[PDB]
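The structure appears right after this line, and notes come after that.
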Amino acid sequence: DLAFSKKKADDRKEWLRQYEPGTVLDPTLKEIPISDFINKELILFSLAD
Amino acid sequence: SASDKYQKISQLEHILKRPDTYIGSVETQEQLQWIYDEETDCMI
Amino acid sequence: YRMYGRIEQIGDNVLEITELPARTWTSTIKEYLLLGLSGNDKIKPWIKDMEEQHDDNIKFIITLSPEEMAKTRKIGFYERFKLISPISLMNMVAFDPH
Amino acid sequence: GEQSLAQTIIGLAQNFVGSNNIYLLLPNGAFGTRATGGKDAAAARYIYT
Amino acid sequence: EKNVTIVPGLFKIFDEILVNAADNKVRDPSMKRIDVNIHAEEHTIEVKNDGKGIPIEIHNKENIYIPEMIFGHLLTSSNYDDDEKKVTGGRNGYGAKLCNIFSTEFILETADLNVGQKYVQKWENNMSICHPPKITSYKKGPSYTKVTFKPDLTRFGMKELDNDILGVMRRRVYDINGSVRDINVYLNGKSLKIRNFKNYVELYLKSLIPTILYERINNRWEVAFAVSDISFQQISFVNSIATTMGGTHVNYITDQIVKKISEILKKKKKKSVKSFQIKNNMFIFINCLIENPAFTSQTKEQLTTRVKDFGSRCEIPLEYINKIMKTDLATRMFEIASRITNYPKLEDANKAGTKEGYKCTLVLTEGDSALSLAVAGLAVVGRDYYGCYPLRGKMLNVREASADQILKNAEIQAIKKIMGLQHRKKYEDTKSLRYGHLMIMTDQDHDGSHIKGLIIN
Amino acid sequence: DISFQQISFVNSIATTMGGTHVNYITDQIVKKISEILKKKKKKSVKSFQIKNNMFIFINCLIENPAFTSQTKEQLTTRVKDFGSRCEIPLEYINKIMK
DNA sequence: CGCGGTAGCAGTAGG
DNA sequence: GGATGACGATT
DNA sequence: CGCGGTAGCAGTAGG
DNA sequence: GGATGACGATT
Ligand SMILES: Nc1ncnc2c1ncn2[C@@H]1O[C@H](COP(=O)(O)OP(=O)(O)NP(=O)(O)O)[C@@H](O)[C@H]1O
Ligand SMILES: [Mg+2]
């Protein structure tokens with residue numbers, strides 16, 4: 001909801017402010033927690049946007 | 001009372017009492033009808 | 001900021017739009033005037049006639065009925081012909097040098 | 001996609017009132033008009049810059 | 001739904017006896033049971049009902065027993081006074097007699113607890129033979145009316161009661177169970193099970209968001225809705241009378257649901273559909289009670305009683321409509337959902353088609369590049385006598401083309417409408433056209449020459 | 001314009017509600033059209049959509065007709081008892097299709 | 001030759 | 001007072 | 001991201 | 001026995 005709720009724009013501003021370079025999903029885990037997927041991969045997309 | 005509940009009427013009396021099945025409703029009716037307009041010489 | 005085009009009265013019951021607010025495209029005002037000319041399912045027609053005479057500039061020649069002239073005077077010429085646009089500097093975001 | 005890039009170029013070139021105060025590229029062709037906000041513009045194989 | 005062949009007259013005289021038993025529930029609310037026994041082998045039909053029966057008493061004016069009066073003589077009914085607003089089915093005083101008249105044998109049997117007597121009288125040969133009633137003492141027993149008749153099949157052109165007429169009669173008994181409130185109906189000693197009009201409407205479930213949308217609007221109105229397959233369908237009941245052809249009541253309901261839907265479809269998006277397209281995707285079930293109803297004929301298939309005389313109103317709620325909009329009917333309507341407005345790109349010459357239609361010139365352009373150039377040219381040559389339209393691409397070769405392929409090509413059609421063009425006769429003068437001149441703007445390349453060729457062709 | 005309309009006459013009787021005769025005519029024109037629309041291209045439309053775009057005028061003479069009531073607004077006489085048949089030609093249908 | 005769909009934000013306009 | 005749409009680089 | 005329209009010829013297949 | 005469609009470079 002932090003990611004896809006139109007109502008949360010500012011929340012996402014701060015969310016991007018928080019992210020730390022080098023924070024990426026583990027290449028070899030074979031188990032992806034959704035929260036991590038949002039804080040380790042999708043956020044990359046947003047940044048790129 | 002049982003003689004006032006059940007009535008027998010003549011054919012002439014049924015027509016004037018319940019015209020609908022003979023000539024149609026005797027009440028005014030809102031309708032969409034075709035008419036001849038003498039001014040334009042056509043149906044409308 | 002507010003941004004105004006230019007509407008002028010060039011005759012009895014005749015207006016002329018020579019300029020629109022920047023970024024306000026000609027086709028928008030065109031559709032608007034066409035709607036005002038041929039009326040609509042939800043709104044009654046308020047424009048008697050409309051012609052386009054655009055050179056390297058905007059020309060709209062509009063003819064209203066006197067009633068619509070008074071009414072438009074009550075509404076405001078620029079306010080009714082969509083000749084006012086807001087500019088907001090409140091959202092100026094960019095990547096700093098770093 | 002090269003499409004998006006072509007559009008970026010066209011955007012850099014447009015010279016109708018209300019577009020670029022200083023167009024860094026020259027609109028050698030139908031680079032759109034004020035009539036639709038540059039949307040009229042012609043296809044890339046048409047215009048030059 | 002099964003294709004059948006029946007004699008409507010036969011089915012009707014059977015309906016006249018049923019509707020009479022259902023009327024008796026309105027008369028005496030304490031009624032509980034209705035029996036319908038069809039002996040096909042003996043071509044005999046029996047309709048029995050408890051509750052208050054027929055008064056066994058000499059009519060003070062007609063000088064004969066009341067049963068003999070109201071079952072043996074035409075034009076005899078208790079529904080002749082309209083001062084009292086009644087919700088019975090009986091209106092004209094024919095249906096008992098109409099069954100008797102069509103029957104080789106007709107027998108009335110009733111028990112009156114007021115006089116403590118039992119009454120049995122038999123008619124024969126189309127109500128031409130009237131046997132004196134056998135009256136006996138009837139003590140410590142329930143009051144009831146039992147009508148048994150043997151249809152004059154020879155008149156109906158039948159040698160027996162075949163599966164088709166039987167299957168229909170039986171379903172007319174299920175109708176009664178559903179349309180009448182607080183009774184128990186039995187078909188040859190077998191309970192019909194259903195208890196209310198909803199139970200009834202659900203019998204059509206397997207044939208037909210749910211599949212059936214039922215509600216009770218008020219003490220006199222019950223409405224159910226389902227999406228129809230082929231066209232509009234209706235199953236209505238006015239006082240337990242199967243109004244198979246509909247009438248004022250059906251329309252009263254449908255005219256609402258169609259009206260409200262149209263506004264909703266239209267309001268949300270442009271182009272909302274014609275009324276008939278909405279109506280013909282509905283199945284409407286109606287069970288209502290109209291005060292002193294009026295019909296087209298004695299058969300009472302079509303109600304004509306104006307809405308304002310219903311003796312009650314049925315306002316279809318918005319909640320109901322929003323549920324109908326949750327069924328396929330909605331996604332169905334979404335599927336269907338001088339100047340020229342038909343063509344946006346078109347820069348129509350100010351004078352085009354007008355008294356100067358012959359002067360003005362329409363400029364066709366190869367591509368939006370050429371188009372842009374032309375519209376730019378308007379700013380030099382004036383709009384009054386010059387327009388322009390962009391040809392999409394290589395034009396359609398009209399010769400060796402089906403009329404349908406030409407009709408389908410939006411590009412040629414657009415041209416024909418902008419220029420005000422028709423094939424009729426041979427063109428003598430431009431005078432009939434929106435434009436009097438046509439100008440071709442092609443890039444000046446070979447393909448352009450081809451375009452010119454296709455235009456000329 | 002809006003929906004199916006009919007103006008029929010059975011022996012100079014204004015059958016305003018229609019009946020077996022009207023349906024006898026419409027059931028043909030709708031049937032033949034559907035085949036033509038369906039045959040040429042796939043997806044041909046439901047019967048009601050064809051019928052409700054027609055205006056049908058009918059002037060016919062039925063032998064010993066039968067109606068719903070004395071008012072005679074609706075004919076019920078089965079087609080096979082008409083005392084005559086009306087076969088709508090293909091030429092007629094191809095003109096409706098124009 | 002040309003048409004169409006979707007994300008993402010801030011503010012304006014339309015009912 | 002909630003909804004729809006414009007703008008633009010990209011799928 | 002994706003979909004659609006038209007010319008022009010020879011021969012095959014579908015009702 | 002006439003109609004529709006495939007193929008391909010170009011709008
Ligand atoms: N099983 C019954 N119990 C009580 N009353 C009855 C019964 N059957 C018939 N009647 C009465 O007998 C009269 C004549 O019946 P009928 O010929 O069917 O006239 P109707 O039902 O009132 N009018 P209609 O329904 O149009 O034929 C009616 O007024 C009834 O009230
Ligand atoms: Mg009856």
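Chains: A, B, ... in order of the structure tokens. Residues: from 1 per chain. Ligands: from 1, in order shown.
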Using only C-alpha atoms (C1' of nucleotides) and all ligand atoms, find each protein or nucleic acid residue lying at most 9 Å from ligand 1; present the set as a VMD selection string.
(chain B and resid 5 to 7) or (chain E and resid 16 to 25 27 to 28 47 to 55 66 to 67 69 to 71 73 to 80 88 to 99 110 144 to 147 241 298 to 300)
Report as a VMD selection string the set of chain C residues whose atoms approach chain G to within 12 Å, with distances computed over only C-alpha atoms (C1' of nucleotides).
chain C and resid 42 to 43 82 84 to 93
Convert the current residue selection to file output with N, CA, C and O atoms, as a PDB file, in the first residue's frame.
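Result went into out08.pdb, see below:
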ATOM      1  N   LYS C  42     -26.688  18.420 -22.359  1.00  0.00           N
ATOM      2  CA  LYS C  42     -26.712  18.886 -20.978  1.00  0.00           C
ATOM      3  C   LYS C  42     -26.703  20.411 -20.865  1.00  0.00           C
ATOM      4  O   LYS C  42     -26.968  20.958 -19.795  1.00  0.00           O
ATOM      5  N   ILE C  43     -26.397  21.094 -21.964  1.00  0.00           N
ATOM      6  CA  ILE C  43     -26.333  22.553 -21.958  1.00  0.00           C
ATOM      7  C   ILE C  43     -26.938  23.154 -23.227  1.00  0.00           C
ATOM      8  O   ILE C  43     -26.747  22.630 -24.324  1.00  0.00           O
ATOM      9  N   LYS C  82     -13.140  30.971 -21.341  1.00  0.00           N
ATOM     10  CA  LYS C  82     -12.002  30.160 -20.924  1.00  0.00           C
ATOM     11  C   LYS C  82     -10.666  30.814 -21.275  1.00  0.00           C
ATOM     12  O   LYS C  82      -9.743  30.138 -21.730  1.00  0.00           O
ATOM     13  N   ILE C  84      -8.511  32.288 -19.183  1.00  0.00           N
ATOM     14  CA  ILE C  84      -7.748  32.478 -17.954  1.00  0.00           C
ATOM     15  C   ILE C  84      -7.140  31.156 -17.498  1.00  0.00           C
ATOM     16  O   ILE C  84      -7.841  30.151 -17.377  1.00  0.00           O
ATOM     17  N   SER C  85      -5.834  31.157 -17.249  1.00  0.00           N
ATOM     18  CA  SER C  85      -5.141  29.935 -16.851  1.00  0.00           C
ATOM     19  C   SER C  85      -4.152  30.181 -15.717  1.00  0.00           C
ATOM     20  O   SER C  85      -3.418  31.164 -15.734  1.00  0.00           O
ATOM     21  N   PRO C  86      -4.124  29.280 -14.727  1.00  0.00           N
ATOM     22  CA  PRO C  86      -3.245  29.440 -13.565  1.00  0.00           C
ATOM     23  C   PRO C  86      -1.850  28.855 -13.779  1.00  0.00           C
ATOM     24  O   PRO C  86      -1.706  27.795 -14.387  1.00  0.00           O
ATOM     25  N   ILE C  87      -0.834  29.553 -13.279  1.00  0.00           N
ATOM     26  CA  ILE C  87       0.535  29.050 -13.297  1.00  0.00           C
ATOM     27  C   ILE C  87       1.039  28.880 -11.869  1.00  0.00           C
ATOM     28  O   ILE C  87       1.055  29.833 -11.088  1.00  0.00           O
ATOM     29  N   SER C  88       1.454  27.662 -11.536  1.00  0.00           N
ATOM     30  CA  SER C  88       1.847  27.331 -10.172  1.00  0.00           C
ATOM     31  C   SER C  88       3.333  27.010 -10.061  1.00  0.00           C
ATOM     32  O   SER C  88       3.809  26.028 -10.631  1.00  0.00           O
ATOM     33  N   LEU C  89       4.061  27.841  -9.321  1.00  0.00           N
ATOM     34  CA  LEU C  89       5.483  27.618  -9.093  1.00  0.00           C
ATOM     35  C   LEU C  89       5.687  26.842  -7.800  1.00  0.00           C
ATOM     36  O   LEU C  89       6.815  26.647  -7.349  1.00  0.00           O
ATOM     37  N   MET C  90       4.582  26.405  -7.206  1.00  0.00           N
ATOM     38  CA  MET C  90       4.624  25.699  -5.933  1.00  0.00           C
ATOM     39  C   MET C  90       5.211  24.301  -6.076  1.00  0.00           C
ATOM     40  O   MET C  90       5.613  23.689  -5.088  1.00  0.00           O
ATOM     41  N   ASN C  91       5.333  23.828  -7.306  1.00  0.00           N
ATOM     42  CA  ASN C  91       5.869  22.498  -7.527  1.00  0.00           C
ATOM     43  C   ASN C  91       7.006  22.650  -8.516  1.00  0.00           C
ATOM     44  O   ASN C  91       6.853  22.409  -9.713  1.00  0.00           O
ATOM     45  N   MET C  92       8.158  23.049  -7.987  1.00  0.00           N
ATOM     46  CA  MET C  92       9.372  23.159  -8.785  1.00  0.00           C
ATOM     47  C   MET C  92      10.399  22.185  -8.220  1.00  0.00           C
ATOM     48  O   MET C  92      11.094  22.494  -7.255  1.00  0.00           O
ATOM     49  N   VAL C  93      10.486  21.004  -8.823  1.00  0.00           N
ATOM     50  CA  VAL C  93      11.382  19.964  -8.333  1.00  0.00           C
ATOM     51  C   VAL C  93      12.423  19.585  -9.381  1.00  0.00           C
ATOM     52  O   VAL C  93      12.092  19.380 -10.548  1.00  0.00           O
TER      53      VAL C  93
END
How many Å separate CA of residue 182 in chain E from CA of residue 37 in chain E?
20.4 Å
Just the residues within 7 Å of residue 41 in chain D, please, counting only C-alpha atoms (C1' of nucleotides), with nothing from its chain fewer than 5 positions along; format it as a list in words.
residues 30, 31 and 32 of chain D
List as a CSV table (one decimal) with N, CA and C atoms, in the first residue's frame the protein and nucleic acid residues near residue 49 in chain D, meaning an atom at most 7 Å away when only C-alpha atoms (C1' of nucleotides) are counted, but skip any in the same chain fewer than 5 places from it.
chain,number,residue,atom,x,y,z
D,25,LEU,N,17.0,22.5,-31.2
D,25,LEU,CA,17.0,21.9,-32.5
D,25,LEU,C,16.0,22.6,-33.4
D,26,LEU,N,16.3,22.6,-34.7
D,26,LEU,CA,15.5,23.3,-35.7
D,26,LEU,C,14.4,22.3,-36.3
D,27,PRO,N,13.2,22.8,-36.2
D,27,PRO,CA,12.0,22.0,-36.7
D,27,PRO,C,11.9,22.1,-38.3
D,28,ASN,N,12.7,21.3,-39.0
D,28,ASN,CA,12.7,21.3,-40.4
D,28,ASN,C,11.6,20.4,-41.0
Write out as number ranges by chain every residue belonging to chain A that has an atom at most 10 Å from any atom of chain G, counting only C-alpha atoms (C1' of nucleotides).
A: 6, 9, 46, 49
Please produce an output containing N, CA and C atoms for each residue in the selection, written as an mmCIF file, in the first residue's frame.
data_model
loop_
_atom_site.group_PDB
_atom_site.id
_atom_site.type_symbol
_atom_site.label_atom_id
_atom_site.label_comp_id
_atom_site.auth_asym_id
_atom_site.auth_seq_id
_atom_site.Cartn_x
_atom_site.Cartn_y
_atom_site.Cartn_z
ATOM 1 N N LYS A 6 -2.476 5.708 -4.226
ATOM 2 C CA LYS A 6 -2.239 7.012 -4.809
ATOM 3 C C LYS A 6 -2.150 7.997 -3.655
ATOM 4 N N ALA A 9 1.711 9.786 -1.642
ATOM 5 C CA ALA A 9 2.793 10.303 -2.477
ATOM 6 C C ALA A 9 3.957 10.715 -1.573
ATOM 7 N N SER A 46 11.452 2.877 -8.980
ATOM 8 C CA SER A 46 10.981 4.220 -8.642
ATOM 9 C C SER A 46 12.087 5.260 -8.819
ATOM 10 N N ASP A 49 12.660 6.019 -12.249
ATOM 11 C CA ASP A 49 11.549 6.798 -12.774
ATOM 12 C C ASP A 49 11.812 8.275 -12.531
#
What are the residues of chain E lining chain D at 12 Å or less? Count only C-alpha atoms, and put the answer as a VMD selection string.
chain E and resid 345 347 366 to 376 443
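Those residues of range 1-58 of chain C that DSSP, working from the backbone, places in strand (DSSP E) are residues 2, 3, 4, 6, 7, 8, 9, 10, 11, 14, 15, 16, 17, 18, 19, 49, 50, 51 and 52 of chain C.
Backbone DSSP of chain C yields helix (DSSP H, G or I) at residues 26, 27, 28, 29, 30, 31, 32, 33, 34, 35, 36, 37, 38, 66, 67, 68, 69, 70, 71, 72, 73, 74, 75, 77, 78, 79 and 80 of chain C.
For range 85-93 of chain F, the set of protein, DNA and RNA residues having any atom at most 10 Å away, when counting only C-alpha atoms (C1' of nucleotides) and skipping those fewer than 3 positions along the same chain, is residues 21, 24, 25, 26, 28, 29, 30, 32, 33, 36, 60, 62, 79, 80, 81, 82, 96, 97 and 98 of chain F.
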Take the residues just selected and output them with C-alpha atoms as a PDB file, in the first residue's frame.
ATOM      1  CA  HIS F  21     -50.746 -11.511 -38.932  1.00  0.00           C
ATOM      2  CA  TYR F  24     -46.367 -13.624 -39.609  1.00  0.00           C
ATOM      3  CA  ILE F  25     -44.882 -10.788 -41.660  1.00  0.00           C
ATOM      4  CA  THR F  26     -42.186  -9.644 -39.227  1.00  0.00           C
ATOM      5  CA  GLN F  28     -40.141 -13.543 -42.066  1.00  0.00           C
ATOM      6  CA  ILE F  29     -38.349 -10.235 -42.662  1.00  0.00           C
ATOM      7  CA  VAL F  30     -36.405 -10.795 -39.433  1.00  0.00           C
ATOM      8  CA  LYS F  32     -34.374 -13.734 -43.873  1.00  0.00           C
ATOM      9  CA  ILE F  33     -32.345 -10.679 -42.856  1.00  0.00           C
ATOM     10  CA  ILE F  36     -28.169 -12.616 -44.877  1.00  0.00           C
ATOM     11  CA  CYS F  60     -54.631  -7.635 -45.364  1.00  0.00           C
ATOM     12  CA  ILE F  62     -58.285 -12.607 -43.407  1.00  0.00           C
ATOM     13  CA  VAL F  79     -51.570 -18.433 -40.107  1.00  0.00           C
ATOM     14  CA  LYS F  80     -52.791 -21.676 -41.681  1.00  0.00           C
ATOM     15  CA  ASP F  81     -56.368 -20.386 -41.443  1.00  0.00           C
ATOM     16  CA  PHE F  82     -55.702 -17.011 -43.093  1.00  0.00           C
ATOM     17  CA  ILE F  96     -34.697  -3.132 -46.942  1.00  0.00           C
ATOM     18  CA  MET F  97     -31.001  -3.985 -46.828  1.00  0.00           C
ATOM     19  CA  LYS F  98     -30.422  -0.810 -48.847  1.00  0.00           C
TER      20      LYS F  98
END
Check the smallest atom-to-atom distance from each of E:424, E:392, E:195, E:220 to chain J using only C-alpha atoms (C1' of nucleotides), then report the winner.
E:392
One decimal, Å: what's the distance from CA of residue 4 in chain E over to CA of residue 4 in chain F, could you say?
28.0 Å
Between CA of residue 44 in chain C and CA of residue 259 in chain E, what is the spacing in Å?
23.0 Å
Might you pull out every residue within 7 Å of residue 337 in chain E, with only C-alpha atoms (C1' of nucleotides) counted and same-chain residues fewer than 5 positions away left off, and present them as a ChimeraX atom specification?
/E:271-273
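The interface of chain D with chain H at 10 Å, considering only C-alpha atoms (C1' of nucleotides), consists of residues 1, 3, 4, 5, 7 and 8 of chain D.
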Could the residues in this selection be written to a file with C-alpha atoms, as a PDB file, in the first residue's frame?
ATOM      1  CA  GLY D   1      12.529   2.173 -27.451  1.00  0.00           C
ATOM      2  CA  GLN D   3      10.130   5.774 -30.458  1.00  0.00           C
ATOM      3  CA  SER D   4      10.325   7.525 -27.092  1.00  0.00           C
ATOM      4  CA  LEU D   5      13.684   9.000 -28.104  1.00  0.00           C
ATOM      5  CA  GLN D   7       9.527  11.938 -29.462  1.00  0.00           C
ATOM      6  CA  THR D   8      12.105  13.463 -27.116  1.00  0.00           C
TER       7      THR D   8
END
